[PDB]
Trainee: 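Sharing a structure below in structure tokens format, with a few things to ask.
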Amino acid sequence: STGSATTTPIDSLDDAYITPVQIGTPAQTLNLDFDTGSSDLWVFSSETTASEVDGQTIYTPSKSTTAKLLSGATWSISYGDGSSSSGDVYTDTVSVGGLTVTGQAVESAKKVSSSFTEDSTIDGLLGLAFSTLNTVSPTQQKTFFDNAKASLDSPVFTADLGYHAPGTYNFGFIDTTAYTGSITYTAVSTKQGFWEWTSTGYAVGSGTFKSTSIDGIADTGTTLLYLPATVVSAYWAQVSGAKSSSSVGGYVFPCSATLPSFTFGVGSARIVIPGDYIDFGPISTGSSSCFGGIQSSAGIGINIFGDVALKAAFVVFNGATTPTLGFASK
């Protein structure tokens, strides 16, 4: 089997991407944030505290003939950005782009933090990291991909995120028309439960490539590119007037700037992030200070190849017995 679903930016900045997901019988379609940095499929629901719902579409398990309470199971998750959610668990039928999993754990939120409430466009998350990170207790549950894997034509999914435009998540096949050149594969460590890999270096604009190992995670659920302070300083030093602002919470730059590109290495291959992908616009409405899309990972504890990086590539998440990651230009 295979599946193919379009993923759409939630706003004009590509802050996140939503993908429609069919849950239950008859189908209830919710727009979920596919997150390769976590491993829970959770949704706004009829059980979510009413004051914490503001415009989201909810899953109502009592209206699904295939929903079953997973008795005694609870979940609770905290994300790197400080947001969180928790609740109980149902199993139900879940389909993405024509690919169906029966008995998928659907984690129903009883509580969500303010960031989730305030984002009316995201109805929940669909985790695509390794199932070892799943938070369901006392019986850990499998991700949608893990459940689907054996049925897939090939044990892979691909992320093809757009810049200010829709893109695609495919399951079970590699669309050879969706990228240019060849795909370069690189080793993955699953030791922390992430799609963790080592970039071979970077360049800023038309500058020389610096060969240096940068360990980090491929994370579709993180907006920006978070890299070591040395690398980030080298980038922003090429933008007149750019500075790190503790009050704003990272590097800012004059909105009048033309940003240089940023290149990262994948083995001997190179992925180029155009300068425009690094512009996250005014820090507040009307401001001439703009927020940068490359930020320091210092104090996160891990480097994160978030959407800024991933949307410059066609990315293969290869879930074979020994997982690997592939990157191609597009």
Side-chain angles (χ1 to χ4, degrees), residues 13-14 17 35-37 80 128-129 158-164 167 178-189 192 194-239 242 244 250-251 253 257-280 291-298 300-318 323-330:
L13 299 178
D14 297 348
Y17 297 77
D35 180 13
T36 63
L128 292 167
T158 65
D160 181 8
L161 302 178
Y163 168 65
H164 293 352
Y179 58 88
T180 59
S182 52
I183 305 176
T184 298
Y185 290 86
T186 196
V188 165
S189 170
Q192 294 189 84
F194 299 121
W195 293 92
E196 186 170 5
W197 65 289
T198 301
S199 172
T200 49
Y202 70 99
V204 176
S206 60
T208 62
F209 186 85
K210 176 70 170 183
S211 292
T212 183
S213 294
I214 305 169
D215 180 286
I217 66 167
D219 186 0
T220 58
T222 291
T223 313
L224 306 186
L225 174 54
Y226 295 88
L227 292 173
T230 47
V231 178
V232 177
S233 182
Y235 178 80
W236 289 108
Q238 297 305 310
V239 179
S244 184
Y251 281 89
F253 68 92
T258 301
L259 296 178
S261 65
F262 184 89
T263 301
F264 65 92
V266 182
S268 58
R270 305 288 180 254
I271 301 293
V272 180
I273 305 171
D276 293 343
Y277 289 26
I278 298 159
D279 176 20
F280 280 74
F291 196 68
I294 296 177
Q295 297 293 345
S296 179
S297 64
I300 293 178
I302 198 155
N303 300 305
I304 308 173
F305 294 87
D307 298 334
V308 163
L310 303 182
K311 74 185 168 200
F314 177 87
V315 188
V316 181
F317 295 79
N318 170 29
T324 64
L325 273 173
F327 292 81
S329 296
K330 65 187 186 190

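This chain uses plain numbering: 1 for the first residue, then up along the sequence.
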Trainee: Among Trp197, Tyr185, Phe317, find the residue that satisfies the ring pair (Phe, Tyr, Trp, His ring centres under 6.0 Å) test when tested with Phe327.
Mentor: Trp197
Trainee: Is the closest side-chain heavy-atom distance between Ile302 and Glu196 below 4.5 Å?
Mentor: yes
Trainee: For the CZ atom of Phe253 and the CZ atom of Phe291, what is their distance to the nearest 0.5 Å?
Mentor: 10.0 Å
Trainee: Which distance, rounded to the nearest 0.5 Å, do you find between the NZ of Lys311 and the CD1 of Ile271?
Mentor: 14.5 Å
Trainee: If you look at every heavy atom in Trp195 and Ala129, which pair is closest and at what distance?
Mentor: NE1-CA, 3.9 Å
Trainee: From the options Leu225, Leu259, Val231, select the one residue that forms a side chain to side chain contact (heavy atoms under 4.5 Å, CB included) with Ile294.
Mentor: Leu225
Trainee: For the pair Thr36 (side chain) and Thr220 (backbone), establish whether a donor and an acceptor sit closer than 3.5 Å, ignoring hydrogens and angles.
Mentor: yes
Trainee: Kindly give the heavy-atom pair with the smallest separation between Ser213 and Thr198, and that separation in Å.
Mentor: CB-CG2, 3.6 Å
Trainee: Can you say whether the rings of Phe262 and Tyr235 are parallel (under 30°), tilted (30 to 60°) or perpendicular (over 60°)?
Mentor: perpendicular
Trainee: If you look at every heavy atom in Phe264 and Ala309, which pair is closest and at what distance?
Mentor: CE2-CB, 3.8 Å
Trainee: Let me confirm one number: the CG-CZ distance from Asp215 to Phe194, rounded to the nearest 0.5 Å.
Mentor: 11.0 Å
Trainee: Do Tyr202 and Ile273 have side chains that get closer than 4.5 Å, going by heavy atoms?
Mentor: no
Trainee: Quick check: do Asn303 and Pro228 have side-chain heavy atoms less than 4.5 Å from each other?
Mentor: yes
Trainee: The criterion is salt bridge (charged side-chain N to carboxylate O under 4.0 Å, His left out); which residues satisfy it with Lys330, sequence neighbours excluded?
Mentor: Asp160
Trainee: Please walk me through it: do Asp307 and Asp14 pass side chain to side chain contact (heavy atoms under 4.5 Å, CB included)?
Mentor: CA-CA 8 Å; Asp307 298 334; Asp14 297 348; over 6 Å; no
Trainee: If you compare all heavy atoms of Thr200 against all heavy atoms of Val266, which two are closest, and at what distance to 0.1 Å?
Mentor: OG1-N, 3.6 Å
Trainee: Would you say the side-chain atoms of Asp219 pair up with the backbone N or O of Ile304, donor to acceptor, closer than 3.5 Å?
Mentor: no
Trainee: Rounded to the nearest 0.5 Å, what separates atom CG in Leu325 from atom CD1 in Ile183?
Mentor: 11.5 Å
Trainee: Run the numbers on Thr222 and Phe305 for side chain to side chain contact (heavy atoms under 4.5 Å, CB included), then give the verdict.
Mentor: CA-CA 8 Å; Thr222 291; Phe305 294 87; over 6 Å; no
Trainee: Are the side chain of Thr212 and the backbone of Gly201 linked by a donor-acceptor contact shorter than 3.5 Å?
Mentor: no
Trainee: What closest approach, in Å, do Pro260 and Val239 show between heavy atoms, and which atom pair accounts for it?
Mentor: CD-CG2, 3.6 Å
Trainee: If you look at every heavy atom in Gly292 and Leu224, which pair is closest and at what distance?
Mentor: O-CD1, 3.7 Å
Trainee: Within the side chain of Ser261, is there an N or O that forms a donor-acceptor pair under 3.5 Å with the backbone of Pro274?
Mentor: no
Trainee: Under a 4.5 Å cut-off applied to non-hydrogen side-chain atoms, are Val232 and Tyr226 in contact?
Mentor: no
Trainee: Distance from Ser296 atom OG to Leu227 atom CG, nearest 0.5 Å?
Mentor: 8.5 Å
Trainee: Taking the six-membered ring for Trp, are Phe314 and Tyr179 parallel (under 30°), tilted (30 to 60°) or perpendicular (over 60°)?
Mentor: tilted
Trainee: Taking salt bridge (charged side-chain N to carboxylate O under 4.0 Å, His left out) as the test, write out the residues that go with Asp35, two or more places apart.
Mentor: none
Trainee: Any pair with a residue in residues 263-275 that passes side-chain hydrogen bond (donor to acceptor under 3.5 Å, both in side chains), sequence neighbours left out, goes on the list, sorted by first then second residue, please.
Mentor: none
